[PDB]
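Enquirer: Sharing a structure here in structure tokens format.
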Amino acid sequence: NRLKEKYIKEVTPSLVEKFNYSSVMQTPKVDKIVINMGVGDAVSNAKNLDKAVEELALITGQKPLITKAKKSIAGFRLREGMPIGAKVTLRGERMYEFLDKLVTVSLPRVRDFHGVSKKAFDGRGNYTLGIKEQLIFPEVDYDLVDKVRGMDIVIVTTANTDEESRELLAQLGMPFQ
Amino acid sequence: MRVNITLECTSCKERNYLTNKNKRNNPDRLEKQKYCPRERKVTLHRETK
Amino acid sequence: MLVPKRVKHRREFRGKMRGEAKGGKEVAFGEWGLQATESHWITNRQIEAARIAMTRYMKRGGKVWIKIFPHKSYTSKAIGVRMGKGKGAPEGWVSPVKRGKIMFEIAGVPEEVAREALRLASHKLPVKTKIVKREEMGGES
Amino acid sequence: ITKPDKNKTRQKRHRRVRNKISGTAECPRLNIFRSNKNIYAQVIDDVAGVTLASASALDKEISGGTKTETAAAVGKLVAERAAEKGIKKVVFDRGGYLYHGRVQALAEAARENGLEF
Amino acid sequence: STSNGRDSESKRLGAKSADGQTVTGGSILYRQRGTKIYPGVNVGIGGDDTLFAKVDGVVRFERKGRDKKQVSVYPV
RNA sequence: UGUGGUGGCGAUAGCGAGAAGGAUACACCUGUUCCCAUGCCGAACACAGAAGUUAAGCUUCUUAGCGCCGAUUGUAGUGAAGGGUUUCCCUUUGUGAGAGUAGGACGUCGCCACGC
RNA sequence: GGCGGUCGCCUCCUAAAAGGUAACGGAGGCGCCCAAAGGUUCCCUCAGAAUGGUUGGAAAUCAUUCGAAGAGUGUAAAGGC
RNA sequence: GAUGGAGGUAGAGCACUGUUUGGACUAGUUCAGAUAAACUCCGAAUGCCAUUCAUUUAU
Ligand SMILES: [Zn+2]
């Protein structure tokens, strides 16, 4: 779609030269994108995962999973298997459209332009964004929203050393500092 | 809550089997397809009211 | 008195010492040792009495290693009670010591202070003893 | 990330198929290999540890199609060739695959041309 | 005045036929809890882990790889 | 011979470090029309393929750092037969460890297919 | 002797490397539960730790890398997996 | 007497669970040294089960 051209036409020559890759298999990629919502409020009101899921599906053409307890802790009134949050996974074209709407439309709606921190790379080459609310997107609306909540993002790639992903990630967008 | 029980055939009316159940878990009557020895055949047995 | 925190069993059997030490028969951390030549039980109070006597004599300190720990409990019944019902209540702690075991170690102090201190510790104890030094290996300073 | 190889994940299922299936000389073992461009087949007895017949996908002379149709030819070939050695009573080891796709094609062709399963 | 004092009946577990002994079909070889020993050629497992012959032959206790044991029965 | 497959033998067969290789084969890789699939996702499993590449798996070769297999002689115990106080200790005769070591070891045996 | 406790059944130690073995010896459980928590066919692999991530804190839920078992097994403990 | 076998005791060991002494360290793992009846990576002497076996013997 939009970036396969961009890879095979701007970036793969760059990255293949910057680290002197003897093969093109060696060039990193983007494998997944996984979205998280930590609700933690089906504890009280059962009608909270519902809105979380409505918003996340307004984003992407995909009904999200439902993550449950996985154990029972009394600090949060948790039994086992109390459905807590929802998640989504994105392959192929769902990833490039979503990255494009992240870099070119949605993200800059956030003010105080701190972009993306750099203590955010796991030490192995995958990256995780951060979002506080939901209003940052053109798929969301004004009134329908009722809570200030936002979503976690993780972008996983095939890279050994962090800096390789640093470049392969800035080169496609994601306006770092 | 657990109670012993008898399952009775539905064509020849012979109480062929003894078994259990929990009657707050299963409120209605059990129903199984069991070999009936009088007719040498598999038949719908049902629990005695 | 030394006491084990948190035993797993409240009572246990007693026997059967049948002397010969299984473990530390050489000096490990100090320069001078106190080695038992008979086999007997050694209690909390005997160890503390020996330790206090040994440390008081060494003005300017030095160092002292206690190498014997009471793991095993006692029991006992009371006067005026006939034989019969289950074991008595536990009263005490002990360690079994078999002949060969080094029990204390001292360093940082010349011979005579160390020898006098080990002499004073042994009169507090129910065993016969020798005094030993680190003798000869690949390295003994 | 580390994608695992598929061949080890199917060795791990093959070793559990084989806790039941095994082949003697009255009832040899019809095995199957399925690679990215072929499928193979051997007829194996295990007390002696040997092969009694075989047929391979695109090694010898099969072609006339390159859909699943390559498999049915191999099934028919091992059927004929094993009936040449006095063999009718084999047992089918799937490998670790499903009895579903182009392994089912080979198996079916085996059952039409001489081998009772 | 003690609160102990109870036990269960002993169960007579162990080996019931020897290595190198001839045996008729169906005879018990070993009573156990769980598979301390495993079944081998011509031997079955019961409902509570007992091992039995299926065929008449001699009994041979063997080694199953590195850390397990096996019983087999071999007819003449 | 080389490679693919499928088997026996207690890892002496394993782990980690290092190199090399694409002849066929093995793989990664490319797609979702059709058989089938995701408690979301063609990721997997299923199928249609053959642009691209030896980077990763795979194969071969070097390495005794980690595991594994370890003798010999000395002890500790203990069958029989005897002696002191009998808590415990000792002497004859037979058996003999666990530790700790000298050494071994980077597999060995077999069937099928194709290529040289 | 009385008062106190105990009286059937299961698991461990005592018990002396087959089986068996006392004491008002040392420790615990049972008098049920499950219509699936039974049968069978396919498929799967755990507990933790470290790193990042908005609410969210040590610890709910996401991603990666180490991880032979340090988990689970309706219910006591042993033997198994 | 010879040959095969089942089994965890006497040792002694710290891989697993309890109990425990010194030292280095750091997050803000390590080096040594002990110990056990209900601990075990290990493991005897003897006893026990067998055998178309052998030599004496009489059950
Ligand atoms: Zn009837």
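As shown in the structure tokens, the chain order sets the letters A, B, ...; within each chain, residues go from 1, and ligands are also counted from 1 in the order they appear.
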Can you list, as a VMD selection string, every protein, DNA or RNA residue that comes within 12 Å of residue 43 (chain G) when you count only C-alpha atoms (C1' of nucleotides), leaving out same-chain residues fewer than 3 positions away?
Expert: (chain D and resid 10 13 96 to 98) or (chain F and resid 44 to 45)
Enquirer: Take the selection from the previous step and output its residues with N, CA, C and O atoms (P, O5', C5', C4', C3', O3' and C1' of nucleotides), as a PDB file, in the first residue's frame.
Expert:
ATOM      1  N   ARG D  10       6.212 -30.253  14.383  1.00  0.00           N
ATOM      2  CA  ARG D  10       5.509 -31.452  13.951  1.00  0.00           C
ATOM      3  C   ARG D  10       6.246 -32.727  14.316  1.00  0.00           C
ATOM      4  O   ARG D  10       5.624 -33.788  14.367  1.00  0.00           O
ATOM      5  N   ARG D  13       4.588 -33.562  17.533  1.00  0.00           N
ATOM      6  CA  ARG D  13       3.312 -34.268  17.444  1.00  0.00           C
ATOM      7  C   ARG D  13       3.462 -35.663  16.856  1.00  0.00           C
ATOM      8  O   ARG D  13       2.666 -36.563  17.162  1.00  0.00           O
ATOM      9  N   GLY D  96       2.856 -35.631  11.495  1.00  0.00           N
ATOM     10  CA  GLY D  96       2.228 -34.904  12.574  1.00  0.00           C
ATOM     11  C   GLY D  96       1.144 -33.998  12.049  1.00  0.00           C
ATOM     12  O   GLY D  96       0.590 -33.181  12.786  1.00  0.00           O
ATOM     13  N   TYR D  97       0.827 -34.152  10.770  1.00  0.00           N
ATOM     14  CA  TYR D  97      -0.084 -33.264  10.072  1.00  0.00           C
ATOM     15  C   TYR D  97      -1.525 -33.621  10.429  1.00  0.00           C
ATOM     16  O   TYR D  97      -1.783 -34.499  11.249  1.00  0.00           O
ATOM     17  N   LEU D  98      -2.482 -32.931   9.825  1.00  0.00           N
ATOM     18  CA  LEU D  98      -3.882 -33.303   9.952  1.00  0.00           C
ATOM     19  C   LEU D  98      -4.260 -34.256   8.839  1.00  0.00           C
ATOM     20  O   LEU D  98      -3.756 -34.156   7.726  1.00  0.00           O
TER      21      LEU D  98
ATOM     22  P     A F  44       2.807 -18.117  10.051  1.00  0.00           P
ATOM     23  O5'   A F  44       2.066 -19.310  10.796  1.00  0.00           O
ATOM     24  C5'   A F  44       2.549 -19.802  12.034  1.00  0.00           C
ATOM     25  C4'   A F  44       1.464 -20.484  12.828  1.00  0.00           C
ATOM     26  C3'   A F  44       0.764 -21.655  12.165  1.00  0.00           C
ATOM     27  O3'   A F  44       1.520 -22.851  12.232  1.00  0.00           O
ATOM     28  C1'   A F  44      -0.826 -20.261  13.223  1.00  0.00           C
ATOM     29  P     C F  45       1.972 -23.623  10.901  1.00  0.00           P
ATOM     30  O5'   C F  45       0.681 -24.432  10.461  1.00  0.00           O
ATOM     31  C5'   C F  45       0.158 -25.470  11.277  1.00  0.00           C
ATOM     32  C4'   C F  45      -1.343 -25.593  11.157  1.00  0.00           C
ATOM     33  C3'   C F  45      -1.892 -25.880   9.775  1.00  0.00           C
ATOM     34  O3'   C F  45      -1.755 -27.229   9.372  1.00  0.00           O
ATOM     35  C1'   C F  45      -3.171 -24.176  10.773  1.00  0.00           C
TER      36        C F  45
END
Enquirer: Hey, which residues sit close to ligand 1? Say within 10 Å, counting only C-alpha atoms (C1' of nucleotides) and all ligand atoms, and write them as a ChimeraX atom specification.
Expert: /B:8-16,34-45
Enquirer: Leaving out residue 94 (chain D) and any residue of its chain fewer than 2 positions from it, which residues lie within 10 Å of it when counting only C-alpha atoms (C1' of nucleotides), given as a PyMOL selection string?
Expert: chain D and resi 13-14+17-18+21+30-34+91-92+96-100+103-104+107
Enquirer: Go ahead and save the picked residues with N, CA and C atoms, as a short mmCIF file (atom, residue, chain, number, x, y, z; two decimals), in the first residue's frame.
Expert:
data_model
loop_
_atom_site.label_atom_id
_atom_site.label_comp_id
_atom_site.auth_asym_id
_atom_site.auth_seq_id
_atom_site.Cartn_x
_atom_site.Cartn_y
_atom_site.Cartn_z
N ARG D 13 4.59 -33.56 17.53
CA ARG D 13 3.31 -34.27 17.44
C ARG D 13 3.46 -35.66 16.86
N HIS D 14 4.47 -35.84 16.01
CA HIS D 14 4.74 -37.14 15.41
C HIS D 14 5.15 -38.15 16.47
N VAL D 17 1.99 -39.45 17.93
CA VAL D 17 1.27 -40.39 17.07
C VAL D 17 1.86 -41.78 17.19
N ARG D 18 3.18 -41.86 17.28
CA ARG D 18 3.90 -43.12 17.20
C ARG D 18 3.88 -43.92 18.49
N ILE D 21 0.81 -46.04 16.87
CA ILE D 21 1.10 -46.66 15.58
C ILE D 21 2.50 -47.25 15.58
N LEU D 30 2.75 -47.18 6.80
CA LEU D 30 2.73 -46.24 5.69
C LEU D 30 2.95 -44.84 6.25
N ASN D 31 4.17 -44.33 6.10
CA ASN D 31 4.56 -43.01 6.57
C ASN D 31 4.35 -41.97 5.47
N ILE D 32 4.58 -40.71 5.81
CA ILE D 32 4.41 -39.60 4.88
C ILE D 32 5.34 -38.47 5.28
N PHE D 33 6.01 -37.89 4.29
CA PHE D 33 6.70 -36.63 4.43
C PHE D 33 6.03 -35.59 3.53
N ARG D 34 5.88 -34.37 4.03
CA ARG D 34 5.27 -33.30 3.25
C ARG D 34 6.14 -32.06 3.34
N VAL D 91 -0.77 -49.75 8.04
CA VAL D 91 -1.29 -48.81 9.03
C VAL D 91 -0.75 -47.43 8.70
N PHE D 92 -1.58 -46.40 8.85
CA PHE D 92 -1.27 -45.08 8.32
C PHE D 92 -0.80 -44.12 9.41
N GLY D 96 2.86 -35.63 11.49
CA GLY D 96 2.23 -34.90 12.57
C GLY D 96 1.14 -34.00 12.05
N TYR D 97 0.83 -34.15 10.77
CA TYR D 97 -0.08 -33.26 10.07
C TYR D 97 -1.53 -33.62 10.43
N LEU D 98 -2.48 -32.93 9.83
CA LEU D 98 -3.88 -33.30 9.95
C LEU D 98 -4.26 -34.26 8.84
N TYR D 99 -5.20 -35.15 9.12
CA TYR D 99 -5.74 -35.99 8.06
C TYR D 99 -6.73 -35.18 7.22
N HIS D 100 -6.21 -34.16 6.54
CA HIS D 100 -7.21 -33.26 5.98
C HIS D 100 -7.01 -32.86 4.52
N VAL D 103 -2.57 -34.70 2.35
CA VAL D 103 -2.27 -36.01 2.92
C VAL D 103 -3.48 -36.93 2.79
N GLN D 104 -4.68 -36.37 2.93
CA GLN D 104 -5.89 -37.15 2.70
C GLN D 104 -5.98 -37.64 1.25
N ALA D 107 -3.70 -40.67 0.95
CA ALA D 107 -4.29 -41.79 1.66
C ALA D 107 -5.44 -42.41 0.88
#
Enquirer: Neighbours of region 37-45 of chain C within 9 Å (only C-alpha atoms (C1' of nucleotides); same-chain residues fewer than 2 positions away dropped), as a PyMOL selection string?
Expert: chain C and resi 1-3+17-20+35+47-50+68-70+92-101+125-130
Enquirer: What's around region 47-51 of chain D at 6 Å? Count only C-alpha atoms (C1' of nucleotides), leave out sequence neighbours fewer than 4 positions away in its own chain, and write the answer as a list in words.
Expert: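 Surrounding residues, per the criterion: residues 43 of chain D; 7, 111 and 112 of chain F.
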Enquirer: With distances taken over only C-alpha atoms (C1' of nucleotides), which residue among G:79, G:39, G:17, G:55 lies nearest residue 132 (chain A)?
Expert: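 Nearest candidate to residue 132 (chain A) out of G:79, G:39, G:17, G:55: G:55.
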Enquirer: Set the distance at 6 Å and use only C-alpha atoms (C1' of nucleotides): which residues neighbour region 1-5 of chain E once local chain neighbours fewer than 2 positions away are removed? I'd like the list as a PyMOL selection string.
Expert: (chain C and resi 85-86) or (chain G and resi 5)
Enquirer: Counting only C-alpha atoms (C1' of nucleotides), which residues of chain F come no farther than 10 Å from chain A, as a list in words?
Expert: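 The complete set of qualifying residues is residues 28, 29, 39, 40, 41, 43, 52, 53, 54, 55 and 56 of chain F.
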Enquirer: Write out as a list in words the residues lying within 12 Å of residue 19 (chain E), counting only C-alpha atoms (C1' of nucleotides) and excluding same-chain residues fewer than 6 positions away.
Expert: residues 29, 30, 57, 58, 59, 60, 61, 62, 70, 71, 72, 73 and 74 of chain E; 3, 4, 5, 6, 49, 50 and 51 of chain H
Enquirer: Run DSSP on the backbone and tell me which residues of chain B come out as strand (DSSP E); list them as a PyMOL selection string.
Expert: chain B and resi 5-9+15-19+31-36+41-47
Enquirer: Which residues of chain D are close to chain F, meaning at most 10 Å apart when you count only C-alpha atoms (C1' of nucleotides), and how do they look as a PyMOL selection string?
Expert: chain D and resi 2-8+31-33+35-37+40-56+59-60+66-68+97-98+100-102
Enquirer: For chain B, list the residues within 12 Å of chain G, counting only C-alpha atoms (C1' of nucleotides), and write the list as a list in words.
Expert: residues 1, 2, 19, 20, 21, 22, 23, 25, 26, 27, 28, 29, 30, 31 and 32 of chain B
Enquirer: Take the residues from that selection and put them in a file with C-alpha atoms, as a short mmCIF file (atom, residue, chain, number, x, y, z; two decimals), in the first residue's frame.
Expert:
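As a result, result07.cif now contains:
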data_model
loop_
_atom_site.label_atom_id
_atom_site.label_comp_id
_atom_site.auth_asym_id
_atom_site.auth_seq_id
_atom_site.Cartn_x
_atom_site.Cartn_y
_atom_site.Cartn_z
CA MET B 1 -28.88 -32.27 47.53
CA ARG B 2 -27.36 -35.43 46.05
CA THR B 19 -27.41 -43.86 39.76
CA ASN B 20 -26.91 -40.38 41.30
CA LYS B 21 -27.54 -36.70 40.64
CA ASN B 22 -27.64 -33.33 42.39
CA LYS B 23 -31.21 -32.06 42.30
CA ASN B 25 -28.01 -28.67 39.91
CA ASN B 26 -30.29 -30.86 37.72
CA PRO B 27 -33.85 -29.82 38.65
CA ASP B 28 -35.56 -31.83 35.90
CA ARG B 29 -35.29 -35.57 35.17
CA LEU B 30 -32.29 -37.33 33.67
CA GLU B 31 -32.64 -38.93 30.24
CA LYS B 32 -30.19 -41.40 28.71
#
Enquirer: To one decimal place in Å, what is the distance between CA of residue 123 (chain C) and CA of residue 108 (chain C)?
Expert: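 Going from CA of residue 123 (chain C) over to CA of residue 108 (chain C) covers 22.9 Å.
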